[PDB]
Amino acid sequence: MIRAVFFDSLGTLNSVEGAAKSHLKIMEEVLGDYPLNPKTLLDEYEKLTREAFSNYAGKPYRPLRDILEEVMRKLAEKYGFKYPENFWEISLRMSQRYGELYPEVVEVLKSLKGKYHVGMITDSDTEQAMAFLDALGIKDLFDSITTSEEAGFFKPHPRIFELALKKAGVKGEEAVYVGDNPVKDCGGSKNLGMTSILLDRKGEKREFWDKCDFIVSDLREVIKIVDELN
């Protein structure tokens, strides 16, 4: 039977509008009066980080802090503004203020607690994952929190999923993983025998729906799927 439900963090529990608002505010404080459009800086930042996240997929862990600092250091020299030494601190403060849970997150996490093991599996650094959970107020709704820093590898490396299963004491066959990246999340969890659920809220990933066991537009559907399986 399904005895554990694991969730991805960024893009699965926090709202896209809140993330965009937060990140724009980040670049606004990094720039200040500098004659650079903060929206343009953000777009270029997201460009470079998307390439970096792709290059490290499934590979040994490197601190995300270093990866993101590296990107911002390149951007500061390209455009001529002063590198923000407190970029990590600015990013946390803006995410804490403007970050936002999807409306159903607490309901779903509440409904699953007690009945199942509720865990998180994220590529973020451990201190970053805890700040994410603390800022949004959902830290105590998880029985386990597993990060790439602990496992030593980024998704979809099987080690990060294996560690989360070990923490829960359940077999991959007894676990579900919910995420929004078809290859990193659904593909990775499948290698451990886990049941994969893709979260496609805006229906933008039809091309990848064959890679996943289930596709949902709302986390409240996860409850139906687990019951349907047991």
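For every residue, the number given is its place in the sequence shown, counted from 1.
On average the C-alpha atoms of 200-208 have higher B-factors than those of the other stretch, with 27-35 and 200-208 being the two compared. Higher average CA B factor: 105-113, of the stretches 121-129 and 105-113. Annotation for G152, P84, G99, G137: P84 ranks highest, by Cα B-factor.
In the PDB entry, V222 places in the highest third of its chain by CA B-factor. In this PDB entry, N14 carries a Cα temperature factor that places it within the middle third of its chain's modelled residues.
Ranked against the other modelled residues of its chain, the C-alpha B-factor of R159 as given in the entry falls in the lowest third. In the deposited entry, the Cα temperature factor of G179 places it in the lowest third of its chain's modelled residues. Among all modelled residues in its chain, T40 ranks in the highest third by Cα B-factor.
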